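In what follows, a single structure is set out as structure tokens and then discussed.
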Amino acid sequence: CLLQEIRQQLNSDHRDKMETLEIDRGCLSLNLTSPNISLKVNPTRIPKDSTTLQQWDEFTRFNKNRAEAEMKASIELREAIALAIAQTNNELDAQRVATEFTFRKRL
Amino acid sequence: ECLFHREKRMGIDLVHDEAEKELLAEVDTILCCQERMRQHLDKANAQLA
Amino acid sequence: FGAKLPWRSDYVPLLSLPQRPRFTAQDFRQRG
Amino acid sequence: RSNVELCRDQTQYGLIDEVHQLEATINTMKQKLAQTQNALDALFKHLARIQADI
Amino acid sequence: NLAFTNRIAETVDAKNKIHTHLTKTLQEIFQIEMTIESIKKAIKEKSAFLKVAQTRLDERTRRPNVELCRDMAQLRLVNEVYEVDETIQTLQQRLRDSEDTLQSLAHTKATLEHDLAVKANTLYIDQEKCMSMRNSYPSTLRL
Amino acid sequence: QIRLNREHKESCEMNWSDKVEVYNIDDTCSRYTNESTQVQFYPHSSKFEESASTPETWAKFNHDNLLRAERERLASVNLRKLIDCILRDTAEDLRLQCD
Amino acid sequence: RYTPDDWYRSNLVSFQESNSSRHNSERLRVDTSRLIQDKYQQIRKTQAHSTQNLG
Amino acid sequence: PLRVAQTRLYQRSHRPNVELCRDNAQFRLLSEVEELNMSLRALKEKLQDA
Amino acid sequence: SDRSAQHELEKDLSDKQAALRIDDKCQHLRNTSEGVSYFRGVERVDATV
């Protein structure tokens with residue numbers, strides 16, 4: 001469950017940033033002598049939320065750290081699975097052999 | 001009834017199997033025991049006479 | 001051909017295959 | 001390959017040599033088949049002999 | 001009975017493995033449809049851009065006597081026209097490729113499902129028929 | 001036209017390969033005899049009894065492929081002659097205009 | 001009426017065929033995706049070039 | 001010779017994409033298989049009687 | 001002889017109901033499901049006897 005939700009939220013982040021990249025490459029692309037240039041209403045406005053750089057850096061790195069931690073956990077669970085299967089089969093085999101021996105004694 | 005009841009399988013799986021070979025052997029063993037025991041019945045009855 | 005590819009636009013939705021080259025962090029040796 | 005670009009290369013000779021070597025290998029494998037079959041037939045012969053003896 | 005057991009065992013193994021492969025195959029098909037509509041939208045908008053490019057080319061032959069010129073505008077315009085034509089041809093070839101792959105996967109899915117049904121029938125029949133009478137202690141009839 | 005010709009060439013080449021292998025297989029088969037080797041117990045099975053085709057259908061397969069190749073060759077010849085005549089007429093008319 | 005050998009062969013054939021199909025589809029996906037964006041970007045570039053000249 | 005006929009058929013079972021053509025030969029071969037089978041059974045019965 | 005007869009009738013009913021399920025899944029043909037697809041080429045087969 002945890003892994004699926006982490007992957008989906010990373011997906012959202014990725015699409016957002018690539019959209020931004022589209023906008024910015026267009027911004028570099030245009031220039032003067034261009035049909036779209038004109039005067040726009042009071043664009044000197046500062047945005048409302050106006051995210052700053054520290055939140056950028058945190059939101060980026062924090063979640064990838066979560067991801068690598070989950071990767072460690074996955075490795076741990078897989079090795080534990082191996083060990084558990086091994087132990088179960090160990091007890092089954094040893095117990096059955098001992099019981100067969102006792103049966104022979106009785107006979 | 002087991003042996004000829006198997007054949008209801010369809011498609012790609014009416015394979016000649018070690019199961020079926022063993023079962024036919026089973027039938028033969030049943031019959032041989034049947035025969036020998038009836039014969040010994042006959043012999044005992046003659047002894048009674 | 002074999003020539004310079006930019007290994008950049010690399011989210012195939014589900015490439016759970018012997019593919020997706022360069023970094024994978026898959027496991028190297030497996031069960032047997 | 002068009003006009004003058006058709007060229008006689010070391011690749012051509014290598015491929016031809018591959019083909020000929022390949023026919024030779026084909027023939028030798030068939031010979032091995034022959035001898036193995038002979039051996040199998042002989043062994044079955046002796047098996048039948050032994051069962052009759054038993 | 002010993003052999004009958006391992007017969008059932010291998011049947012079960014087959015069941016499990018085939019079910020897994022079915023799941024992941026249908027997953028892949030579900031993704032390929034998305035790719036298909038992607039390419040179709042691309043075709044639409046490239047056609048629209050051909051539309052506008054021609055449009056801009058057309059009118060300029062109306063200009064009067066001397067100011068009419070064979071401008072580098074005309075050069076680049078004709079280049080764009082032809083280039084987008086070959087682009088369209090390549091994309092349509094890719095499209096044909098896609099539908100061919102789809103028919104192949106269709107055969108795959110059909111065959112897998114039919115085999116599933118057959119083997120389920122086999123295991124079913126074998127179990128409730130044989131294990132019904134063949135139980136423990138070979139004395140009493142199964143009337 | 002070149003494209004179409006090459007495609008049909010490839011297809012017919014394929015089927016000819018097939019016929020060659022099958023013919024050689026049966027040739028290798030036919031030299032068997034009762035006393036000889038290559039003589040074994042292999043059990044019955046339905047793969048031995050499988051059916052895939054029938055003589056007339058196989059014949060019509062081959063016949064269709066042959067006729068396809070024939071038509072494409074005819075078309076190629078026609079286009080060739082047309083191209084030649086166009087070349088000739090072009091040259092002559094430009095000559096007269098220059099004169 | 002059938003043979004265990006041939007049953008085993010039939011199974012293996014089926015599964016390997018499935019794998020072949022899947023690999024084909026994946027490797028098609030990759031390069032199709034690639035071609036999409038490269039064509040888009042080159043078209044954008046040409047359009048901008050044109051408008052600049054005529055301005 | 002039942003073996004040699006059987007191997008005939010076994011090789012016949014190896015044919016590619018379009019070669020398996022149900023024909024006279026396969027039919028006749030099946031017929032001969034059945035025939036020699038019944039012959040063998042009859043002969044074994046006569047052996048037991050002797 | 002009785003047993004032979006019962007076996008034949010059993011075989012017949014088995015294959016018949018198999019076809020029955022196939023054809024009910026068939027008649028469940030109402031539009032808008034996923035299994036419908038393209039595999040064109042089913043208009044030449046000497047299939048059914």
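Each chain in the structure tokens gets a letter, A, B and so on, in the order shown; residues start at 1 in every chain, and ligands are counted from 1 in the order they appear.
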Exercise: residue 32 in chain A partners within 10 Å, only C-alpha atoms, chain neighbours under 5 positions left out, as a PyMOL selection string: (chain A and resi 37) or (chain G and resi 52+55)
Near-residue 50 in chain G list (8 Å; only C-alpha atoms; drop same-chain fewer than 2 positions) as number ranges by chain: E: 73, 76-77; G: 46-48, 52-54
Mind dumping the selected residues with N, CA, C and O atoms as a PDB file, in the first residue's frame?
```pdb
ATOM      1  N   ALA E  73      10.808  33.539 -47.418  1.00  0.00           N
ATOM      2  CA  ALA E  73       9.527  33.092 -46.892  1.00  0.00           C
ATOM      3  C   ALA E  73       8.965  31.951 -47.733  1.00  0.00           C
ATOM      4  O   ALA E  73       8.617  30.891 -47.205  1.00  0.00           O
ATOM      5  N   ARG E  76      11.207  28.710 -47.265  1.00  0.00           N
ATOM      6  CA  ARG E  76      10.977  27.971 -46.038  1.00  0.00           C
ATOM      7  C   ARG E  76       9.577  27.376 -46.005  1.00  0.00           C
ATOM      8  O   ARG E  76       9.373  26.280 -45.471  1.00  0.00           O
ATOM      9  N   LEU E  77       8.597  28.073 -46.585  1.00  0.00           N
ATOM     10  CA  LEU E  77       7.237  27.552 -46.590  1.00  0.00           C
ATOM     11  C   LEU E  77       7.154  26.244 -47.361  1.00  0.00           C
ATOM     12  O   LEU E  77       6.593  25.254 -46.872  1.00  0.00           O
TER      13      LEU E  77
ATOM     14  N   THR G  46      10.322  25.098 -36.533  1.00  0.00           N
ATOM     15  CA  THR G  46      10.101  25.611 -37.882  1.00  0.00           C
ATOM     16  C   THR G  46       9.060  26.728 -37.891  1.00  0.00           C
ATOM     17  O   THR G  46       9.234  27.752 -38.573  1.00  0.00           O
ATOM     18  N   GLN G  47       7.969  26.548 -37.141  1.00  0.00           N
ATOM     19  CA  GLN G  47       6.917  27.560 -37.113  1.00  0.00           C
ATOM     20  C   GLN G  47       7.459  28.900 -36.626  1.00  0.00           C
ATOM     21  O   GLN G  47       7.193  29.963 -37.223  1.00  0.00           O
ATOM     22  N   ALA G  48       8.232  28.862 -35.538  1.00  0.00           N
ATOM     23  CA  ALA G  48       8.806  30.094 -35.005  1.00  0.00           C
ATOM     24  C   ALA G  48       9.715  30.761 -36.030  1.00  0.00           C
ATOM     25  O   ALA G  48       9.653  31.986 -36.232  1.00  0.00           O
ATOM     26  N   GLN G  52       9.170  34.638 -37.609  1.00  0.00           N
ATOM     27  CA  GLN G  52      10.238  35.617 -37.439  1.00  0.00           C
ATOM     28  C   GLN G  52      10.621  36.252 -38.770  1.00  0.00           C
ATOM     29  O   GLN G  52      10.706  37.488 -38.890  1.00  0.00           O
ATOM     30  N   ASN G  53      10.857  35.417 -39.784  1.00  0.00           N
ATOM     31  CA  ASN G  53      11.265  35.960 -41.076  1.00  0.00           C
ATOM     32  C   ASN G  53      10.237  36.952 -41.600  1.00  0.00           C
ATOM     33  O   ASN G  53      10.570  38.083 -41.998  1.00  0.00           O
ATOM     34  N   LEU G  54       8.975  36.543 -41.615  1.00  0.00           N
ATOM     35  CA  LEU G  54       7.986  37.409 -42.250  1.00  0.00           C
ATOM     36  C   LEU G  54       7.763  38.705 -41.460  1.00  0.00           C
ATOM     37  O   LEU G  54       7.521  39.772 -42.060  1.00  0.00           O
TER      38      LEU G  54
END
```
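As for CA of residue 47 in chain F and CA of residue 13 in chain H, they are spaced 7.0 Å apart.
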Spatial neighbours of range 39-53 of chain D, 10 Å, only C-alpha atoms, chain gap at least 2 places, as a list in words: residues 34, 35, 36 and 37 of chain D; 37, 38, 39 and 40 of chain F
Residues within 12 Å of residue 35 in chain F, only C-alpha atoms, excluding chain neighbours under 5 positions, as an MDAnalysis selection string: (chainID D and resid 41) or (chainID H and resid 1:4)
Output N, CA and C atoms for every residue in the selection just made, as a PDB file, in the first residue's frame.
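Final file, selection05.pdb:
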```pdb
ATOM      1  N   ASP D  41      20.035 -51.391 -32.187  1.00  0.00           N
ATOM      2  CA  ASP D  41      19.447 -52.613 -32.728  1.00  0.00           C
ATOM      3  C   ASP D  41      20.122 -53.853 -32.150  1.00  0.00           C
TER       4      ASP D  41
ATOM      5  N   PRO H   1       8.568 -55.699 -39.944  1.00  0.00           N
ATOM      6  CA  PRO H   1       8.285 -54.476 -40.712  1.00  0.00           C
ATOM      7  C   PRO H   1       7.282 -53.502 -40.107  1.00  0.00           C
ATOM      8  N   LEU H   2       6.550 -53.901 -39.069  1.00  0.00           N
ATOM      9  CA  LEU H   2       5.658 -52.942 -38.431  1.00  0.00           C
ATOM     10  C   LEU H   2       6.446 -51.754 -37.915  1.00  0.00           C
ATOM     11  N   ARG H   3       7.654 -52.005 -37.419  1.00  0.00           N
ATOM     12  CA  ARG H   3       8.514 -50.923 -36.975  1.00  0.00           C
ATOM     13  C   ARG H   3       8.812 -49.961 -38.114  1.00  0.00           C
ATOM     14  N   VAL H   4       9.148 -50.493 -39.291  1.00  0.00           N
ATOM     15  CA  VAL H   4       9.563 -49.598 -40.365  1.00  0.00           C
ATOM     16  C   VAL H   4       8.386 -48.755 -40.821  1.00  0.00           C
TER      17      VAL H   4
END
```
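For the choices E:32, E:22, E:50, E:123, the atom-to-atom distance to residue 13 in chain C is smallest for E:32 when using only C-alpha atoms.
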Exercise: residue 25 in chain H partners within 12 Å, only C-alpha atoms, chain neighbours under 3 positions left out, as a PyMOL selection string: (chain F and resi 49) or (chain H and resi 5+8-9+12+20-22+28-32)
Selection from above, N, CA and C atoms, as an mmCIF file, in the first residue's frame, can you write it?
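Written file, selection07.cif:
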```cif
data_model
loop_
_atom_site.group_PDB
_atom_site.id
_atom_site.type_symbol
_atom_site.label_atom_id
_atom_site.label_comp_id
_atom_site.auth_asym_id
_atom_site.auth_seq_id
_atom_site.Cartn_x
_atom_site.Cartn_y
_atom_site.Cartn_z
ATOM 1 N N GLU F 49 -1.603 -38.316 -36.263
ATOM 2 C CA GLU F 49 -2.835 -38.357 -37.036
ATOM 3 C C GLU F 49 -3.378 -36.973 -37.364
ATOM 4 N N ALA H 5 7.191 -49.342 -40.869
ATOM 5 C CA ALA H 5 6.013 -48.538 -41.184
ATOM 6 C C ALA H 5 5.799 -47.458 -40.128
ATOM 7 N N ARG H 8 8.187 -44.681 -40.674
ATOM 8 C CA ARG H 8 7.664 -43.899 -41.789
ATOM 9 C C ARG H 8 6.734 -42.818 -41.272
ATOM 10 N N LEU H 9 5.698 -43.242 -40.553
ATOM 11 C CA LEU H 9 4.727 -42.288 -40.029
ATOM 12 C C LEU H 9 5.367 -41.294 -39.064
ATOM 13 N N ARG H 12 6.953 -38.756 -41.050
ATOM 14 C CA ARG H 12 5.899 -37.978 -41.693
ATOM 15 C C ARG H 12 5.333 -36.926 -40.754
ATOM 16 N N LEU H 20 1.445 -30.638 -44.038
ATOM 17 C CA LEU H 20 0.631 -31.728 -43.525
ATOM 18 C C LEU H 20 -0.640 -31.848 -44.349
ATOM 19 N N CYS H 21 -0.679 -32.840 -45.232
ATOM 20 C CA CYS H 21 -1.772 -32.978 -46.188
ATOM 21 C C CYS H 21 -2.356 -34.375 -46.020
ATOM 22 N N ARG H 22 -3.479 -34.468 -45.308
ATOM 23 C CA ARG H 22 -4.174 -35.740 -45.178
ATOM 24 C C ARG H 22 -4.446 -36.298 -46.566
ATOM 25 N N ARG H 28 -3.769 -45.269 -45.948
ATOM 26 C CA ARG H 28 -3.318 -46.634 -46.175
ATOM 27 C C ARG H 28 -2.426 -47.107 -45.037
ATOM 28 N N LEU H 29 -1.529 -46.239 -44.572
ATOM 29 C CA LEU H 29 -0.608 -46.619 -43.512
ATOM 30 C C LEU H 29 -1.367 -46.959 -42.235
ATOM 31 N N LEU H 30 -2.361 -46.141 -41.886
ATOM 32 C CA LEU H 30 -3.210 -46.457 -40.741
ATOM 33 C C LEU H 30 -3.892 -47.807 -40.922
ATOM 34 N N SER H 31 -4.392 -48.066 -42.132
ATOM 35 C CA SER H 31 -5.047 -49.340 -42.398
ATOM 36 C C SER H 31 -4.097 -50.506 -42.152
ATOM 37 N N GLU H 32 -2.853 -50.379 -42.608
ATOM 38 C CA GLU H 32 -1.905 -51.477 -42.445
ATOM 39 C C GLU H 32 -1.526 -51.670 -40.986
#
```
Best match for closeness to chain I among B:7, B:49, B:14, B:37, counting only C-alpha atoms: B:7
CA of residue 11 in chain G to CA of residue 13 in chain E, distance in Å rounded to a single decimal: 12.0 Å
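Minimum atom-to-atom distance to chain C, evaluated using only C-alpha atoms, belongs to G:26 out of G:26, G:38, G:31, G:5.
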Between CA of residue 45 in chain I and CA of residue 56 in chain F - distance in Å to one decimal: 13.9 Å
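Summary of the local environment: counting only C-alpha atoms, residues at most 8 Å from range 95-111 of chain E, other than itself and those fewer than 5 positions away along its chain, are residues 22, 25, 26, 29, 36 and 39 of chain E; 18, 21 and 25 of chain G; 37, 38 and 39 of chain I.
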